[PDB]
Structures are given as structure tokens and as C-alpha cells.
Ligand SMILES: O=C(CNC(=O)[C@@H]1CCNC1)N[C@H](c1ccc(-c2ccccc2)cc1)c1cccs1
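Consider the single chain below, provided in C-alpha cells and representing the form solved without the ligand.
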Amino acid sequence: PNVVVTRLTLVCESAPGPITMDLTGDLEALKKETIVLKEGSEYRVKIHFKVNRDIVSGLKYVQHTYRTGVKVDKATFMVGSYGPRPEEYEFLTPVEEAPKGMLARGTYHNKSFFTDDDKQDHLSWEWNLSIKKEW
């Protein structure tokens, strides 16, 4: 395909190691993968993607976050226009603060969509974020 989503990374300097998932692999297995942030960490979501053949416009990243007892949190980010090249591009969301406090720890269930104004399903995937007192 012209657009290929390759990877999700949580960018956080204070993390003791990389926080990343390979989106070219088994998507069913991503749900079991442990993605941990220390509570209160400042981080950004980084989506890596390739544009292979043709200039594209209106790319968008959508993330739905499910947390027990809370209404689903829906966020849309404009990614924009990109031309073809061999090297992947990286899109980063604005910085956000991870949840903090005893009642905010544990599991956040995410469904992510990389799409565009034409509603193409470039990739849809699930992943879980675990918020912990320590790394």
C-alpha cells in the first residue's frame, strides 16, 4: 500500500528504556504487550509511517482510550501531507502528562486509527497502557 504504518513509540526522556511496538507484526499479539509509564510522566505518542509512491494529504491519527468507570476519551490529531520517500516519517502528538494517584494506576485500553480525510483504514490497532508508581 502507499501508506504503511510501521511503529508506535512513547517518547519519554525519563523512561529507563525504549517504549515501542512494531506495527508491522501480529496485531493480535500487541494487546498482550506490556507498555508501562511511571505515573505523572510527560510523554508524547509517536507514530512512524511510510509513504511509498504518491503524495498524500489529510492524514489523521485518532486514539480512543478506555478506562473503567470513565467515558471513552476520543482524541484526533491532524497529521497532514507527506510525499513518498524510502525513510519512515514520524508524527508526534503534543506532550501530555500520564495519570497519577492510587486510583489512576493500572490499565488504559487504547484503540488507535491512522486514517485520512478520505476515511481510509491505513491501520487500526489495539494496545494497553499500564500506569505504575515506578518504572
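Note that the rigid core is defined as the largest set of C-alphas that superpose within 1.5 Å between two forms. Residue indices: 1-based, along the sequence shown. Shifts are known only where both forms have a C-alpha.
There is also a form solved in complex with the ligand; it is not shown, and the following applies to it.
J.: Might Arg67 be said to contact the ligand in the deposited bound form, defining contact as any heavy atom within 4.5 Å?
T.: Yes, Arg67 sits close enough to the ligand in the deposited bound form that at least one of its heavy atoms falls within 4.5 Å.
J.: Mark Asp54 yes when one of its heavy atoms lies within 4.5 Å of a heavy atom of the ligand in the deposited bound form, and no otherwise.
T.: Judged by the heavy-atom cut-off of 4.5 Å, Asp54 is well away from the ligand in the deposited bound form.
J.: Is there a non-hydrogen atom of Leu37 within 4.5 angstroms of a non-hydrogen atom of the ligand in the deposited bound form?
T.: The answer is yes: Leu37 has a heavy atom within 4.5 Å of the ligand.
J.: Is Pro99 one of the residues lying within 4.5 Å of the ligand in the deposited bound form, judged by heavy atom distances?
T.: Yes, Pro99 is a contact residue.
J.: Within 4.5 Å, heavy atoms only, one stretch in 84-92, 67-75, 46-54, 22-30 touches the ligand in the deposited bound form. Which?
T.: Within 4.5 Å of the partner lies stretch 67-75.
J.: Even though the chain is shown alone, can you say which residues of 105-134 have a heavy atom within 4.5 Å of the ligand in the deposited bound form?
T.: If the 4.5 Å heavy-atom criterion is applied to the ligand in the deposited bound form, 105-134 yields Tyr108, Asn110, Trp127, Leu129.
J.: As a test: superpose on the rigid core, then list the runs of at least 3 residues whose Cα atoms all move 2 angstroms or more between this form and the one not shown.
T.: Once the cores are aligned, run 68-70 is the only one whose C-alphas move by at least 2 Å.
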